[PDB]
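Protein chains in written order, with the deposited numbering: chain A, 1 to 172; chain B, 1 to 253; chain C, 53 to 103; chain D, 499 to 548; chain E, 51 to 150; chain F, 565 to 615.
Cβ coordinates follow ideal geometry from the N, Cα and C atoms, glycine included.
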Amino acid sequence: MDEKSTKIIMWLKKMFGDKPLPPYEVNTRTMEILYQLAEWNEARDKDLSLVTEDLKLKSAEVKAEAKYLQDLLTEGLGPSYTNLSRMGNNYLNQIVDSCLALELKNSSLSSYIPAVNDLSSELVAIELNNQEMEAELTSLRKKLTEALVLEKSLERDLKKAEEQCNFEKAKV
Amino acid sequence: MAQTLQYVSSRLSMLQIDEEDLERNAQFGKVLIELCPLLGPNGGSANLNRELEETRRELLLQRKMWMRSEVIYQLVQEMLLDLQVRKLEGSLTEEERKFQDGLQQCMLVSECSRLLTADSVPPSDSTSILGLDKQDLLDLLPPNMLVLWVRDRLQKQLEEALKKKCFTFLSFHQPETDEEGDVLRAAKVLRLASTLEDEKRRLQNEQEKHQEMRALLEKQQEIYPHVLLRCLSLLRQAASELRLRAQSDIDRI
Amino acid sequence: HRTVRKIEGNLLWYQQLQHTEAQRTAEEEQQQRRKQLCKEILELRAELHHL
Amino acid sequence: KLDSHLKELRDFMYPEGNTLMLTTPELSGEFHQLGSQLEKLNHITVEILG
Amino acid sequence: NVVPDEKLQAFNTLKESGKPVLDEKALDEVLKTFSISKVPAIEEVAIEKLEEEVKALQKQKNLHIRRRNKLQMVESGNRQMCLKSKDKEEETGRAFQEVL
Amino acid sequence: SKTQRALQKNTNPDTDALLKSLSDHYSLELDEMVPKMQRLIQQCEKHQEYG
Numbered sequence: 001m002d003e004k005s006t007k008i009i010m011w012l013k014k015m016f017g018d019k020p021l022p023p024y025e026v027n028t029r030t031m032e033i034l035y036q037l038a039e040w041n042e043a044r045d046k047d048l049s050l051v052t053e054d055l056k057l058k059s060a061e062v063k064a065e066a067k068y069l070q071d072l073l074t075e076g077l078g079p080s081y082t083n084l085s086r087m088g089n090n091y092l093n094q095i096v097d098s099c100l101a102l103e104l105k106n107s108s109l110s111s112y113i114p115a116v117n118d119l120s121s122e123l124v125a126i127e128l129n130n131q132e133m134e135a136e137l138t139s140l141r142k143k144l145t146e147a148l149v150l151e152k153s154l155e156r157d158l159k160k161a162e163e164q165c166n167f168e169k170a171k172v
Numbered sequence: 001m002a003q004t005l006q007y008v009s010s011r012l013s014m015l016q017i018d019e020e021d022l023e024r025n026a027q028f029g030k031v032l033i034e035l036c037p038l039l040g041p042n043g044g045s046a047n048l049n050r051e052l053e054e055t056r057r058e059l060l061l062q063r064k065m066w067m068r069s070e071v072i073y074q075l076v077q078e079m080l081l082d083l084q085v086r087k088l089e090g091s092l093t094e095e096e097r098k099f100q101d102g103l104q105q106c107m108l109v110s111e112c113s114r115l116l117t118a119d120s121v122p123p124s125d126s127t128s129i130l131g132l133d134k135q136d137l138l139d140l141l142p143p144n145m146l147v148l149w150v151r152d153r154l155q156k157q158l159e160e161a162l163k164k165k166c167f168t169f170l171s172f173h174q175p176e177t178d179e180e181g182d183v184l185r186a187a188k189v190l191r192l193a194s195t196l197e198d199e200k201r202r203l204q205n206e207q208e209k210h211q212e213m214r215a216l217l218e219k220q221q222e223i224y225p226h227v228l229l230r231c232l233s234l235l236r237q238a239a240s241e242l243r244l245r246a247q248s249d250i251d252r253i
Numbered sequence: 053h054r055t056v057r058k059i060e061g062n063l064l065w066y067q068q069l070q071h072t073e074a075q076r077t078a079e080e081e082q083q084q085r086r087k088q089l090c091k092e093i094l095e096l097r098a099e100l101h102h103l
Numbered sequence: 499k500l501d502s503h504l505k506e507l508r509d510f511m512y513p514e515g516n517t518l519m520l521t522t523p524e525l526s527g528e529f530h531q532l533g534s535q536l537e538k539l540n541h542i543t544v545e546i547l548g
Numbered sequence: 051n052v053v054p055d056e057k058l059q060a061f062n063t064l065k066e067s068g069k070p071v072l073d074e075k076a077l078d079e080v081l082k083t084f085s086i087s088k089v090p091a092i093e094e095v096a097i098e099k100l101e102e103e104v105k106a107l108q109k110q111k112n113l114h115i116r117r118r119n120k121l122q123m124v125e126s127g128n129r130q131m132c133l134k135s136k137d138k139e140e141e142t143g144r145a146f147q148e149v150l
Numbered sequence: 565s566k567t568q569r570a571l572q573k574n575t576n577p578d579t580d581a582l583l584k585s586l587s588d589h590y591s592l593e594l595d596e597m598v599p600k601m602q603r604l605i606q607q608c609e610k611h612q613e614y615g
C-alpha cells in the first residue's frame, strides 16, 4: 500500500506541476481508483508519444515523396500539368478530398471501393446495434418499473397483513 | 453531486465511480474534477493530446499535397495503359499512337533521369550508372516540336480523365446517378467529398450514442437484480413469519 | 418540498411509463403486422448479409 | 432465477391474484361455516331454557 | 412549494387509479435510470418505423445489388486489362532482348 | 458477486425450501384441520336435532 501510495503521489505531482496538491480523503477506495487512473494514464501517455513521433516521421516521408512526384511530373509533363481549367481543378480537389476523407492509401478504385463499402456497412451495423440496445434498455426499464411497483405493493400488503394478524392474535 | 459524477464518467469513461464514493469522499470528487481537464477524453495527458492533434494536421497538409500529385500520376499511368491496350487491339488512330508513344517516352526519360540524378550533392566525383549523364537521356526525347504537342494535348486529356474518374467515384457511391445527365453528375461530384465526410461524422456520432446507451444499460442491469432481491425478501417474510407461524397458530386456537 | 417531489416524481414516472404503455395498447391490434414485418426484416437482413 | 423464484413465491401467496392470503381458503370457509352452525345451536338452547 | 391545481388533480387521479404511489427512495432509484437526455420516447417502433425499416433495408438491398453489379463490371474490366498487360510485358520483353 | 452475496445473506430460508414448507403446511391443513372442522360441523347439526 505504501508502494501504490508513492506512485500516486508522484503521478499527481507530475499532473498538477507547480500547483499544490489539493487535499483529498485518503482511503482504500480513493487510492485504488487513483491508482487505476494513474496506470491507465501512464500507459496511454506512452502510446500517444509513440504515435506522435511516428506521425512526425511519416509527415517527413510524405513531404519527400510529394517533392519527388512533383519533380517527376514537371520534368516529364512540363509545368502545364499544373495549369488545369477551373473545372479540372475542381475535379482534382474532389478526388483528393474524397480520398482524404476515407483515409485511403492512394486514389485507385481498388482502394476507394472497399472504403465506401466498409463505411456504409459499419454505419448500418452500428445503427442496428443501437436500435437493439434501445429496445433492451426500454425492456429492462419496464421490468425494473414493474419490480419497483411490486416491491411497494408487497410492503403495503405485508403491513396490512401484520396488523390483521395482531388484531386476530388479540382476539385469540 | 450527480452532476459531478456525470461529468467525471463522461470524461473518464474507464472509471467505475459510484455516487457512494463521491458522497463519502467530497474532497476526492474535487480532485477528480480538477484532473479531468488535465486528462484528455482518452485518458491521455491534455498536452500530449494537443501535440498529437497538431502533428495530425501537419501530416494531413502534406498528404493533401502528395495526393494531388499522386492522382495525376496515377491518371497518367492509367491513361497510358488504356492507350496501350487500344494500340494492341488495333483501334488506336495514328494521332493517338503518336501521342501515346510521345507521352510514354517523355515519362520514361523523366523516370530514368531521376534514377541517374540521385539528388545527391554534386559530388563532381560520383560515378553514374553505366556512365550515363542526364544529357545522354535527354537526347532520346522525341523532337522538341512533338514534346510540346504532347504536353498541350495531355492537358485536355487529363481533364477528361479527371472527369471520368470523378464520375466513376460518384457512380459507385450513388449508383442512381448513372441515369442522370453530365451536368447533374458534375454538381453532385462537387459535393461528394462533403457527403462522405458527413457520413463519417454520422458514424462517429452513432458510435458515441452507442457507448452512452451501453453505459445506461449497465446501470440498469446493476439496479434490477437488487430490486428483485428486496421483493423476494418481503415475500419470504410474509410466508415464513406470517403464514407458517403467526396465522397457523391463530387457526389452531 | 418532499411532497412536491413525490407528487411530481410519480407523475413524471408514470407519465413516462403510461406514455410507454398507452403506445402499447394500440400495438396489440397491430401485432400480426409487426410479426410479418419482423419476419420480413429478418429475411432482408439475411439477404443483405449474403450480398 | 431470481425472477422465477419471485414468480413462484408470489403465485403461492397470492392465489386469487389480488390479496395476500395467510389462511388456507378451504379452512377459512370451514371456520365460517362452523361459527354459523354454533350460533344456531345457541339459539335453540336459549329458546328451550326460556 | 407550489403544486398547480392540474398536477394535484393528476396525482389524485393517479392515487384513485389504484397504482402504487412510489416513495421518494423508489423514485430516486428509478429516476436515476432516467437520462435527462430527451431520449425521444422510444416511439415504439410504430409499424411505421418497422415499415420504414423494411423500406430502408430494401433501399440498402438495392444499393448493394447495384454496387455488386458495378464491382463485377470493374472486376471483368480489370481482368481483361490484366491479360493484356501480360501481353505488353511479353512485347517489352522482346524489345529488351533486341537491345541486348 | 455483489448480487450473489446479497442472495446468500437473504437466503435463510432457501426459496425452494420455503416453497416446500409452504406446500407441506397447506397439505397438513387439508388432511387434519379441514376434516376436523367438518366433523365438528356435523356434530353441531346432530345436537340441533337433539334440541
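8 Å CB neighbourhood of residue i in its chain, flanking five on each side removed
| i | result |
| --- | --- |
| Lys219(B) | none |
| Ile8(A) | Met31, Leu34, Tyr35 and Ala38 |
| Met519(D) | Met511, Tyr512 and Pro513 |
| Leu192(B) | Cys166, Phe169, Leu170 and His173 |
Terminal residues of the alpha helix (DSSP H) in which residue i lies
| i | result |
| --- | --- |
| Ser121(A) | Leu109 to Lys171 |
| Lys65(E) | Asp55 to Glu66 |
| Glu65(A) | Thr28 to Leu77 |
| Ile546(D) | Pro523 to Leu547 |
| residue 656(F) | Within the shown structure, residues of chain F are numbered from 565 to 615, placing residue 656(F) beyond reach of any answer. |
| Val149(E) | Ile97 to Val149 |
| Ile93(C) | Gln83 to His102 |
| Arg191(B) | Run containing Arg191(B): none; DSSP gives neither H nor E here. |
| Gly29(B) | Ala26 to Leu38 |
| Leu81(E) | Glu74 to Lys82 |
| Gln16(B) | Looking at the DSSP string, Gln16(B) is not in any alpha helix (DSSP H), and its letter there is neither H nor E. |
| residue 257(B) | For residue 257(B) there is no data in the structure shown, the boundaries of chain B being 1 and 253. |
| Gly88(A) | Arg86 to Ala101 |
| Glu3(A) | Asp2 to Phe16 |
| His503(D) | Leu500 to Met511 |
| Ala570(F) | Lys566 to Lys573 |
| residue 269(B) | In the structure as shown, chain B starts at 1 and stops at 253, and residue 269(B) therefore has no counterpart that could be examined. |
Own chain residues within Cβ distance below 7 Å of residue i, not counting five before or after
| i | result |
| --- | --- |
| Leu146(B) | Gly102 |
Cβ pair residue i, residue j closer than 8 Å
| i | j | result |
| --- | --- | --- |
| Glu151(A) | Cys36(B) | no |
| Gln27(B) | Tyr24(A) | yes |
| residue 257(B) | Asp501(D) | Beyond the ends of chain B as shown, which are 1 and 253, falls residue 257(B); an answer cannot be given. |
| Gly17(A) | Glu159(B) | no |
| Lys142(A) | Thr72(C) | yes |
| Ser111(A) | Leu119(A) | no |
| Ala125(A) | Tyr224(B) | no |
| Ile113(A) | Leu121(E) | yes |
| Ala66(A) | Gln62(B) | yes |
| residue 176(A) | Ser69(B) | Since the displayed chain A opens at 1 and closes at 172, residue 176(A) lies outside it and no answer follows. |
| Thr138(A) | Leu69(C) | no |
| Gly29(B) | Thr55(B) | no |
| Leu216(B) | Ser85(E) | yes |
| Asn574(F) | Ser9(B) | no |
| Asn51(E) | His53(C) | yes |
| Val71(E) | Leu64(E) | yes |
| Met67(B) | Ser121(A) | no |
| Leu138(B) | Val183(B) | no |
| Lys58(A) | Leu59(B) | yes |
Test: residue i CB closer than 8 Å to a CB of chain I
| i | result |
| --- | --- |
| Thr82(A) | Protein chains A, B, C, D, E and F are contained in the structure displayed, whereas chain I is not. |
Beta-carbon contacts of residue i that lie in its chain and below 6 Å, excluding the five residues immediately before and after
| i | result |
| --- | --- |
| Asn90(A) | none |
| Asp73(E) | none |
| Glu176(B) | none |
Entirely enclosed alpha helix (DSSP H) segments - the stretch 109-178 of chain B, minimum 4 residues:
Runs found: 134-138 and 144-173.
Does the count of Cβ pairs from the stretch 39-47 of chain B and the stretch 69-88 of chain A closer than 8 Å reach three?
The stretch 39-47 of chain B makes no contact with the stretch 69-88 of chain A; the number of CB pairs closer than 8 Å stays below 3.
Quick check: the stretch 149-160 of chain B against the stretch 92-102 of chain B, are at least 3 beta-carbon pairs closer than 8 Å?
Because the criterion of three Cβ pairs below 8 Å is met, the stretch 92-102 of chain B and the stretch 149-160 of chain B touch.
Within the chosen definition, does the stretch 41-60 of chain B reach the stretch 43-54 of chain A through at least 3 CB pairs nearer than 8 Å?
Contact between the stretch 41-60 of chain B and the stretch 43-54 of chain A is present, because at least three Cβ pairs lie under 8 Å.
Contact between the stretch 47-61 of chain A and the stretch 71-83 of chain B (3+ Cβ pairs under 8 Å):
Short answer: they don't touch.
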